[PDB]
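The structure appears right after this line, and notes come after that.
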Ligand SMILES: *Cc1c(COP(=O)(O)O)cnc(C)c1O
Ligand SMILES: *Cc1c(COP(=O)(O)O)cnc(C)c1O
């Protein structure tokens with residue numbers, strides 16, 4: 001246990017979260033939504049922590065999105081509610097989904113196939129509770145396409161075919177496509193194509209008389225530079241924005257000062273005959289994200305000079321011709337990881353801090 | 001808890017270990033060593049499990065190699081001893097190394113820099129115990145080069161400069177270079193270059209009068225096709241061979257029938273308009289190894305037809321023109337992962353099985 005400890009005292013490699021930066025990130029996204037007049041349902045997958053969720057959620061512990069039944073359970077066990085399982089409802093685990101729907105005032109699920117509706121229908125929740133269902137629209141990983149007349153029919157069914165057992169809460173899209181882009185304008189165009197598609201669908205839905213009270217989109221890059229059409233929605237659900245990361249910096253969603261995550265590592269050897277620094281951060285601590293070479297898995301914070309050039313499980317090699325005097329063995333560097341969600345999943349504890357000193361330890365759940 | 005359960009009953013994605021194949025793998029490597037007349041010190045990093053270690057070690061719980069102080073501790077807490085920390089001794093965590101050296105009859109460390117020796121010297125173990133030190137030879141990630149006269153001097157010091165506080169147990173190389181190769185002959189050439197280098201060093205060591213009783217090398221690929229010169233060593237320390245994996249199959253260390261690990265995943269959606277299967281195994285469950293694209297992170301066991309073409313955190317996309325009838329939603333596929341050590345690190349439990357039925361659950365340690 002390390003309360004109060006100075007950062008470069010921790011056993012590395014060690015994932016670190018600047019609680020100042022995080023709180024700042026949470027409140028900033030809360031305000032954007034306030035500004036747009038819509039609700040924020042933060043996704044928890046970058047941190048999978050109660051504390052994390054608590055920040056995102058402004059202290060309220062209600063209205064979030066999870067990627068696994070593990071997180072659902074964890075969050076439910078920690079007192080959260082209004083929990084959306086942002087994932088095509090897993091028909092092979094319905095006893096569990098029903099379990100949570102019964103504990104919770106509001107447990108929401110998504111689906112995108114008529115068969116999924118069938119499966120729900122044959123596992124009625126009972127107790128007056130109805131399956132709160134959202135229709136995942138693909139505007140291109142999963143969901144139904146809004147122009148496919150099949151989407152309309154499916155909405156129709158979820159909403160109406162059994163209103164005592166199933167209800168259509170809204171439509172749900174995740175504009176993840178914004179990750180292949182580059183710079184704010186193409187981010188916004190994907191936001192716009194997605195916002196408008198969704199808006200047209202709902203238009204079509206009102207016209208046909210299919211009640212659909214909510215409409216959800218969002219990803220860190222589109223919600224980092226929100227666009228006016230968005231206020232015609234009811235909720236945005238980004239998540240990663242609480243931490244941010246190198247990729248997010250490269251995309252333009254944020255400035256470096258916004259990235260709350262680092263992986264602290266130590267210089268544990270010099271290698272003059274190959275000009276390389278040796279660090280105790282391998283990929284067990286960092287993950288291979290941003291490689292498919294290693295140069296782009298991470299940046300050495302405060303040191304454009306150095307770049308990662310190798311990663312074994314428990315080692316990384318750094319290069320500059322070098323300067324080993326500036327980097328005595330035992331000195332700590334701070335790696336800026338490419339994909340926050342991925343680094344986060346390699347750590348059983350996060351060292352959370354303020355003013356260089358450790359202030360808390362968050363423990364994420366994992367598994368399925 | 002799932003004792004006895006049928007495999008395709010498990011909550012996927014789920015890492016699975018064929019205990020038959022594993023036991024077979026353990027005994028096979030035990031026999032190779034018996035044949036060569038040398039000792040086997042299995043590395044535990046592919047599984048990081050007590051059960052795992054127990055197999056490798058033939059039931060004895062002695063003589064293994066770990067990659068982190070976490071594993072050291074775990075194994076020590078589980079009754080193992082003769083534990084080699086196969087890693088340049090971490091000078092910033094010496095209170096802990098000393099801790100374990102004091103609990104254990106035999107805790108071994110490696111180093112490759114004179115300064116490391118200094119640091120050990122100023123943290124004497126006391127209690128009559130001496131730091132059991134091995135000299136990591138680089139024959140090309142870390143260690144000293146055997147032709148560099150500095151290596152000789154360092155051996156000299158470890159062995160002799162303070163024989164009441166520090167002793168040189170042997171020399172240690174890891175012929176990891178065999179991972180860029182391809183086919184048995186270049187594997188063996190790297191084995192040979194490494195074996196001979198090591199043998200020449202020890203020759204030089206005897207000549208100079210530096211006592212060096214042990215000599216350790218090994219990696220799964222060189223120990224999968226051992227070479228005669230190896231019997232002039234005292235110990236081989238591979239590890240991954242207990243599980244094996246796709247990469248190992250591609251290299252030629254093993255035949256498919258040898259790979260004991262799978263990640264079971266489910267078909268949870270069809271996508272005719274893009275010809276794709278949707279599976280609940282994303283990279284949270286598989287890792288991005290073998291990508292730097294996704295085609296090569298894994299193979300669909302029993303189905304050369306399909307290949308992985310996308311991986312998000314909790315999803316993978318499969319392609320063939322398809323045949324969705326052969327793959328009803330809910331049917332289970334078995335992914336063969338590229339790098340066993342990496343997939344293993346994404347799982348908090350391994351479902352171990354025999355004859356299709358689950359026989360145990362191993363829980364690996366993690367962290368640092
Ligand atoms: C991760 C995720 C989100 C969150 O979006 P980010 O861009 O990661 O902040 C939203 N919806 C789904 C389905 C997700 O998996
Ligand atoms: C992983 C490791 C080994 C084990 O070799 P494999 O080829 O993975 O079986 C041996 N020595 C060191 C230092 C290692 O990190």
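Residue 1 is the first one shown; counting continues down the chain.
Per deposition record, X-ray crystallography, 2.8 Å.
Every residue, even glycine, has its Cβ placed from backbone N, Cα and C.
Summarising the annotation, Swiss-Prot assigns pyridoxal 5'-phosphate binding site to A:172, A:179, A:220, A:239, A:240 and lists experimental evidence as the type of evidence. Residue A:220 (pyridoxal 5'-phosphate binding site) falls within a helical segment according to DSSP. Residue density at residue A:220 (pyridoxal 5'-phosphate binding site): 29 other Cβ atoms are found within 10 A of its Cβ, drawing on all protein chains shown.
The number of other Cβ atoms within 10 Å of the Cβ belonging to residue A:339 (Zn(2+) binding site), over all protein chains shown, comes to 25. For A:339, A:341, the entry in Swiss-Prot reads Zn(2+) binding site, with the evidence type experimental evidence.
In the three-state DSSP assignment, the secondary structure recorded for residue A:45 (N6-(pyridoxal phosphate)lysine) is coil. Look at Swiss-Prot and you will find A:45 tagged as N6-(pyridoxal phosphate)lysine.
Using a cut-off of under 8 A between C-beta atoms, none of the binding-site residues A:172, A:179, A:220, A:239, A:240, A:339 neighbours chain B. Taking only the Cα positions, the spacing between residue A:45 (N6-(pyridoxal phosphate)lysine) and residue A:172 (pyridoxal 5'-phosphate binding site) is 17 angstrom. Candidate recorded positions: A:45, A:179, A:239, A:240, A:339. Those with a Cβ under 6 Å from ligand 1, in sequence order, are A:45, A:239, A:240. Calculated from the flanking Cα atoms, the unmodelled 2-residue segment between residue A:139 and residue A:140 spans 6 Å. In the deposited coordinates, residue A:292 and residue A:293 are the last and first modelled residues around 3 missing ones; Cα to Cα they measure 6 Å. Spanning 3 unmodelled residues, the straight-line distance from the Cα of residue A:320 to the Cα of residue A:321 measures 6 Å. The candidate set comprises the binding-site residues A:172, A:179. Of these, A:172 has the most other Cβ atoms within 10 Å. The secondary structure of residue A:179 (pyridoxal 5'-phosphate binding site), as reduced to three states from DSSP, is helical. DSSP assigns residue A:172 (pyridoxal 5'-phosphate binding site) to a strand segment in the three-state reduction.
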